[PDB]
């Protein structure tokens, strides 16, 4: 298992992911950004692999507005895990610079 982590992918896409030990078909994840539930949509893509326990949310990019706290609220029935990455201040700027560089370099190359 691994708590919530963020990384930037080759195109500068953002990957939030954590690993549960096992997920039942009933496992559910509340994706939380600055204490607001966020949903699969124009901005986020969510995936749960119930086999691997890998829960991951993807963004295309990190806008200034994306600074904040990201939480995955995992519920498997009674079972209840939250994991949080605080992408604020310098942490956010650095991650954003990386994501912007990779997004820029993808389009450049």
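Residue numbers count along the first chain shown, from 1.
Mean CA temperature factor is higher for 22 to 30 when stretches 22 to 30 and 55 to 63 are set side by side in the entry. If you average the C-alpha B-factors over 1 to 9 and over 98 to 106, the higher value belongs to 1 to 9. In the deposited entry, the Cα temperature factor of residue 37 sits in the middle third of values across the chain's modelled residues. Residue 81: CA B factor in the highest third of modelled residues in this chain (values from the PDB entry). When all modelled residues of the chain are sorted by CA temperature factor, residue 75 is found within the highest third.
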